[PDB]
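Quick notes on the structure that follows.
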Amino acid sequence: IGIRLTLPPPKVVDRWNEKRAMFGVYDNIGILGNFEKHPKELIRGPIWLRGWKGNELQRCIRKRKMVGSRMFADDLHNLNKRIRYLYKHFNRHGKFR
Amino acid sequence: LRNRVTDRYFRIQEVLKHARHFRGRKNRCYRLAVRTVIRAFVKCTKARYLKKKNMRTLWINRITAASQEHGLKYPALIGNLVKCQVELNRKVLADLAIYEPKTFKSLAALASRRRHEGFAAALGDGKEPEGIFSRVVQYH
Amino acid sequence: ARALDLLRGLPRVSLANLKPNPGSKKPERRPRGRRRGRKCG
Amino acid sequence: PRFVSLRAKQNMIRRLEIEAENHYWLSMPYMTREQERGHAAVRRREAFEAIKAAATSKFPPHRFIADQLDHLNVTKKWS
Amino acid sequence: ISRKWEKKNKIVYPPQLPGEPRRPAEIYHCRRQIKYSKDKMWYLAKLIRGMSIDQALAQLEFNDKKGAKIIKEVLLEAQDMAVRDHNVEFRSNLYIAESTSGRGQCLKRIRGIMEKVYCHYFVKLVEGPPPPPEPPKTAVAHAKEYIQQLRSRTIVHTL
Amino acid sequence: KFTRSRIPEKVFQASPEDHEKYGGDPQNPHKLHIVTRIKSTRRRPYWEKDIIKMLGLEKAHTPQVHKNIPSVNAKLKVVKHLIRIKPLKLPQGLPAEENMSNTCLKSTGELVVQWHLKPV
Amino acid sequence: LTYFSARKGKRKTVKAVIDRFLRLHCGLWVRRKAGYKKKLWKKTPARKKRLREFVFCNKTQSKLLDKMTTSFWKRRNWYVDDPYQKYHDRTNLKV
Amino acid sequence: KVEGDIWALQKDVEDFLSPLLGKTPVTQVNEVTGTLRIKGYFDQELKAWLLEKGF
Amino acid sequence: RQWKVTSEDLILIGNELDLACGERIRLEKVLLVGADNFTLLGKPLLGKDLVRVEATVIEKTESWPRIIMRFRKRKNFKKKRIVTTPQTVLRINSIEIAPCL
RNA sequence: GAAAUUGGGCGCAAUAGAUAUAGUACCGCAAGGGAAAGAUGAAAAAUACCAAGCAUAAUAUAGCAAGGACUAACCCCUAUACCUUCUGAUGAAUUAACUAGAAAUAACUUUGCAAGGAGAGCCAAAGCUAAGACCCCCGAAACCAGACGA
RNA sequence: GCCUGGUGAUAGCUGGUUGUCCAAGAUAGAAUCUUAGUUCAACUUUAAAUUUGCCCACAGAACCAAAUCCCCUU
RNA sequence: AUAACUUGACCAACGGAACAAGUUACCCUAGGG
Ligand SMILES: [Mg+2]
Ligand SMILES: [Mg+2]
Ligand SMILES: [Mg+2]
Ligand SMILES: [Mg+2]
Ligand SMILES: [Mg+2]
Ligand SMILES: [Mg+2]
Ligand SMILES: [Mg+2]
Ligand SMILES: [Mg+2]
Ligand SMILES: [Mg+2]
Ligand SMILES: [Mg+2]
Ligand SMILES: [Mg+2]
Ligand SMILES: [Mg+2]
Ligand SMILES: [Mg+2]
Ligand SMILES: [Mg+2]
């Protein structure tokens, strides 16, 4: 019977955390800081998807050409096979054409 | 598992509260209880038609029996009560047959009197006076 | 404008009141249930 | 093999009688075909101009400020 | 694992009143992980289900099955704790109210899986003479039942 | 092949015997028909289904008024096996705006323009 | 066609399509007639006049050719002395 | 960019275009954005008309 | 429908009558009236000056939930609906009769 | 398919996440394949109620096992199991958990701005920008490369 | 041979595709190493613009049966 | 092929693959009757 018998511990959430209180600040650093930075230069993450959005085949292609030279061996290998699979899927399979 | 289903005891129990009175494993095993419960609900809605039908044949059995006690048959009673503008229905006639058998006897007398006036009227054909109970009340 | 004058009488705009312009968001159709998926289109 | 009862013959016959009287009442029109011509052309034209007019008057509804602001009431509280 | 039957000897009732019948004693005892199957214990457990404990002991001393000796140890043990621990004055004055057998935690032996079967044995003894067996119902009981069913019937689907 | 059936004109020519049978006069005929669907369009060709939809006889046992003109009579001749036709007779006049609400079409075929619910 | 290339992740044009057809900016594809330069010795001059024509394409042929090329080919082109330039904008349609 | 009462503007546009059509033009005000959307091209007539009105 | 009715009893009607609970009602359309030794039956209704049947509204309930399921095999055709009709209960107070023959 | 040129977590939380408590146990001559599982409490120097399956409690004329009912469980009446494949045989003992629709060219809807739109590149004879909204799971015999095997 | 890899091989073939409720919805064909499949059409669906559609009366449609086409009125 | 105009298949399996035969009771797999 996959249901729990006692109700779980309560989820104490601090809405006035440092992160929550200061979320969203400097999203308008462009439009009211004389366009010296874009907001996309505010985001932190992988180097191949800072200010870039793609589907999965494009994320894999971009990751391979941007960081693929210093990827580990079997990660590089898995990623080559994922591009090869996702190529054969987006280009040859589906409903609409 | 990002989001797997937590609230599944209650989906099962929505089905199985309807099966608690079956036999065998249909009362407990969702896979069996679903087929039987669906099938029970389909019977439950098609049985509304048969409830109405079977009440009516039950009433015709009771009116038939009670009118055979007075020598009439069922077509004679119903026909010749329509012809008196007594538009009682089968439910009421069956209930009068059981609970008020003098009213039912007098209705059988009114229907057999009308039946004989039908005979005598459709025997002596031509312009004649109509029967007394044969007269109709015109509504305008 | 009469419309800001409407905004006086209403509770404050918060992150709990917000709503997209009706017509913006078409709902996602996904293959679950009797209609959207058995052969799934 | 299926055979024909008295019910079936009497039923068939009363349908034939209704049919024969339909034949009778269709045997005496009130007008000739020359007389009826265009006697209802105006009402037919107006009727179709109404169909045509409801077809060509199709457009999105008006959008109001009061509806959009009235969504703010979902956090109306007591004091 | 649950162990609710051992705890049942720990219910304490509030003391009675002088204008109130004497409550009979109730002695819940069991044994766990008997190496025997639960459906062979069902016959031995079923055999003794309303007997006095002397009749139960006597019937289990002459039974050839393996479980009979185990149940006899459980009943002698429960007769002891009946008198020592639970204030039953007469050893003789008990009867078996409940005698069941559940399955125990079985083992699995790979040969090809084969289960090493275990079982439990649950007995409630109740202080008092064993209740008289139910008499077979007579033709008077059948006739009264039938006539009462005839008196019971209604005019159906009417007023 | 099953096709659409023409019916000859001798079928729609009354005889004085028929004027004795039904209640008709060849001189001064009736203006309005009452048409009622008494048979289903199922198991009938699609053209008869259409004519039933045009005449406004989708529901059975519901009377509909038509004109006794040769166009409407042509459509009625196509589906004359599904319908029933009687002349709309009018004992009193056609209803004025005073008697517009208080009418009732009786079973006889007449349309009475004063419909009380009292006995005579 | 290729919906996502392996290098760019872009759509690709089918170059057969470009090699045979002409996209006018209004959406009409112009083509040449099949067999306009074959077996001219056995064709009547009416038929040869019919084959030497620039023939528009169907609606579904047009949408099939739109899907097989990319947005580069759908673009305004202000050439110098273009022969087809008066046929780009569509005059005087009443839908 | 209609700022103010869009319903007066819908009444006045509807009174302006109906001789050029016979019928009242079928419109849609969008009171939120402050637009007014008429069916059929009347761009030159409304630009000239709004120059007459002084906007 | 035709209800056979005495005084002091109950009728359950399958629609909301849009009356307040407690309101008295004269039921017209009585078409048989019987006593022990005589009956009176109308063609088809009795005179309003002859018989008077009164009834109060007691309660205005809904029905028990009432299932409507459809199912066709091999077609993936399974609908389910649950319906509760409104109902009012009438208490027939009196059948008064009058000497108008 | 170029180039010139340009310039910590809206993660998982013991069938999940790593195969991993371990490359262990086990299987294989070997290369190699490859598991499962734990839950007290502050202190152990303090020993409930819920799956299927059963038991308490075997059975009573008759029949997809119910439904209409009914004073009444049965008796009366009505009722050719579900999925899938065909115009109209397949698979499933049962329970729990796991297990299958991924793409925004064009069109549409909703905003912004508008002869211009876009935070360069691009489009524009009302357009352009932004968003929303469309494209599944399992299953061969094979072929090739490199090892391990008499 | 067997193992690992390519490898989520490929499969026009088999099997399977998980909440609710409502709505609209079934039978011309042409090509194809094609007839276990696809493409176009036909039919189907939504949205949009407009103006006729359907039923049909005279007249009318060839020499060597039932009907149909056409078609104003209605 | 031809400077060009043009010309080029019994591509006859005739909407035409630029050029590929017999056989398997050793057949094999996926399916259908
Ligand atoms: Mg019936
Ligand atoms: Mg693992
Ligand atoms: Mg259980
Ligand atoms: Mg039976
Ligand atoms: Mg299914
Ligand atoms: Mg060796
Ligand atoms: Mg596959
Ligand atoms: Mg294939
Ligand atoms: Mg429908
Ligand atoms: Mg070929
Ligand atoms: Mg195929
Ligand atoms: Mg015409
Ligand atoms: Mg061929
Ligand atoms: Mg061919």
Side-chain angles (χ1 to χ4, degrees), chain A residues 1-3 5 30 35 38 44 55-57 81 85-86 89-90 93-97, chain B residues 1-2 4 9 12 22-26 28-32 35-36 39-40 43-44 46-48 50-51 54, chain C residues 20-35 37-41, chain D residues 33 36-41 44 48 52 55-56 58, chain E residues 2 4 38 42 98 100-103 149 152-154 156-157, chain F residues 1-6 47 50-51 54 67 69-72 74-75 78, chain G residues 3-5 7 11 37 39-41 60 63 66-67 70-71 75-76 89 95, chain H residues 33, chain I residues 73-74 79-81:
Chain A
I1 319 98
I3 190 159
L5 274 312
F35 298 92
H38 199 283
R44 299 165 71 82
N55 66 333
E56 188 191 355
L57 188 264
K81 290 201 293 183
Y85 174 75
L86 278 186
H89 173 76
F90 286 155
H93 297 301
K95 174 173 184 191
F96 293 104
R97 57 181 44 103
Chain B
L1 281 314
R2 204 179 159 286
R4 50 163 183 167
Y9 174 74
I12 306 301
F22 295 174
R23 288 180 44 160
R25 310 195 205 97
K26 307 176 196 92
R28 296 170 304 249
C29 300
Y30 181 81
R31 167 200 293 280
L32 311 179
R35 310 197 191 108
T36 315
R39 193 160 159 75
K43 293 173 188 279
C44 181
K46 294 187 175 184
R48 303 199 173 112
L50 293 170
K51 177 170 169 179
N54 293 318
Chain C
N21 200 4
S24 308
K25 270 55 189 285
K26 267 179 63 196
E28 176 167 4
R29 305 292 182 183
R30 46 191 314 252
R32 268 90 172 109
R34 185 171 91 84
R35 194 250 180 253
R38 169 262 210 105
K39 301 281 198 184
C40 301
Chain D
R33 183 178 287 286
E36 77 163 7
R37 171 155 286 150
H39 85 287
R44 290 173 78 257
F48 177 60
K52 172 203 294 282
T56 65
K58 192 163 85 165
Chain E
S2 65
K4 284 189 284 174
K38 66 170 175 189
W42 186 77
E98 290 168 340
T100 55
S101 76
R103 80 185 288 261
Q149 287 184 9
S152 182
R153 59 190 173 168
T154 325
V156 49
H157 291 305
Chain F
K1 299 185 184 62
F2 176 63
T3 53
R4 205 160 321 188
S5 69
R6 302 192 303 110
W47 57 85
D50 294 350
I51 299 304
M54 297 169 193
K67 298 168 161 160
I69 65 177
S71 327
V72 174
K75 293 196 181 54
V78 168
Chain G
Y3 294 88
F4 297 95
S5 69
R7 302 291 201 106
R11 290 172 83 99
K37 54 166 61 172
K39 305 179 179 61
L40 285 187
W41 63 276
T60 66
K63 303 309 190 302
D66 282 329
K67 290 182 186 296
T70 60
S71 309
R75 160 237 155 68
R76 303 287 299 184
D89 183 75
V95 176
Chain H
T33 70
Chain I
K73 73 189 173 183
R74 299 195 298 110
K79 324 179 156 200
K80 182 182 173 205
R81 184 183 176 186

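Letters A, B, ... are given to chains in the order of the sequence lines, protein chains preceding strands, and every chain is numbered from 1.
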What does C69(K) pair with, Watson-Crick or G-U, if both distances are under 3.5 Å?
-> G60(K)
What do you reckon, do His38(A) and the base of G119(J) stack, with centroid distance below 5.5 Å and planes below 30°?
-> no
Regarding the side chain of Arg39(B), the nearest nucleotide among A66(J), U94(J), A81(J) is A81(J)
Ring-ring stack between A43(J) and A44(J), thresholds 5.5 Å and 30° = no
Has the side chain of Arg32(C) got a donor or acceptor atom sitting under 3.5 Å from an opposite partner on the base of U18(K)?
-> yes
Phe48(D)-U51(K) aromatic stacking (under 5.5 Å, under 30°) = no
Check whether any side-chain N or O of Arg29(C) sits under 4.0 Å from OP1 or OP2 of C135(J), and answer yes or no.
-> no
Where the side chain of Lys4(E) is defined as all heavy atoms beyond and including C-beta, which of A48(J), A11(K), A102(J) is the nearest nucleotide?
-> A48(J)
Which value, in whole Å, describes the distance between the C1' atoms of nucleotides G15(K) and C138(J)?
-> 8 Å
Donor-acceptor pair (no angle test) under 3.5 Å: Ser152(E) side chain, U71(J) base = yes
Counting only side-chain N and O atoms of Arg44(D), is one of them less than 4.0 Å from OP1 or OP2 of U74(K)?
-> yes
Which nucleotide in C77(J), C12(J), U20(K) has an atom nearest any side-chain atom of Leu1(B) = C12(J)
Taking only the side-chain nitrogens and oxygens of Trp42(E), find out if one of them lies under 4.0 Å from OP1 or OP2 of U56(J).
-> yes
Is there a donor on the side chain of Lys75(F) or the base of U74(K) sitting less than 3.5 Å from an acceptor on the other?
-> yes
Nucleotide nearest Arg76(G) when distance is taken to its side chain, options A124(J), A57(K), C83(J) = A124(J)
In whole Å, what separates the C1' atom of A118(J) from that of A124(J)?
-> 12 Å
Examine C98(J): is either OP1 or OP2 under 4.0 Å from a nitrogen or oxygen in the side chain of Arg4(B)? Give yes or no.
-> yes
From the list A66(J), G101(J), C82(J), which nucleotide is the closest neighbour of the side chain of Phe22(B)?
-> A66(J)
Indicate whether OP1 or OP2 belonging to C22(K) is found under 4.0 Å from a side-chain N or O atom of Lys79(I).
-> yes
In Watson-Crick or G-U wobble terms, with both distances under 3.5 Å, the base opposite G33(L) is none
Whether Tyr85(A) stacks on the six-membered ring of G8(K) base, 5.5 Å and 30° limits | yes
Can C33(K) and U34(K), neighbours in the strand, be said to stack by the measure of ring centres under 5.5 Å and ring planes under 30 degrees?
-> no
Residue matched to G146(J) through Watson-Crick or wobble contacts both under 3.5 angstrom = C3(K)
Say you pick atom P in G16(K) and the same atom in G33(L); how far apart are they, in whole Å?
-> 15 Å
Counting just side-chain N and O atoms, does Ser71(G) come under 4.0 Å of either OP1 or OP2 of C122(J)?
-> no
